[PDB]
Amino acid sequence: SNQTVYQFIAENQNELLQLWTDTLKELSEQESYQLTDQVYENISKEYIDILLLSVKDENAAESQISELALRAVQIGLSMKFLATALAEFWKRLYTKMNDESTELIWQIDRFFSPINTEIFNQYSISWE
């Protein structure tokens, strides 16, 4: 069901990790300060863990989602920054997997959308 996307992530973990770390770092340069590379790499790795627990849907990864959202809040990432990052993550995955295009986009969207919206929810909850 989410097999094509899931399997690609599983098979391309090391390259995704680097890709997404680099995405966090690039976005951070637009912010008033930049955390260290290891901090962004750990966020990336936690995220990938979430994706690999989320083959069915966002439910299995409940505890890691809550941890990641709390961590984001605690270390000073805005919702704006996190949402921007997560949007860029799936788009950079697309470029990797694309390499029909439209059906791939919809595959990616079906796997990620509920994960990301649950992460957003738990970020807001970790203030609410």
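Residue positions are given as counts along the sequence shown, with the first one as 1.
In the deposited entry, the stretch joining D99 to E100 is interrupted by 4 to 9 residues of the deposited sequence lacking coordinates. Ranked against the other modelled residues of its chain, the C-alpha B-factor of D57 as given in the entry falls in the highest third. Residue-level temperature factors show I75 in the highest third of its chain, judged at the C-alpha atom. Sort the chain's modelled residues by C-alpha temperature factor and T84 lands in the lowest third, per the entry.
Ranked by C-alpha B-factor against the other modelled residues of its chain, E46 falls in the middle third. Among all modelled residues in this chain, the alpha-carbon of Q18 has a temperature factor (C-alpha) in the highest third.
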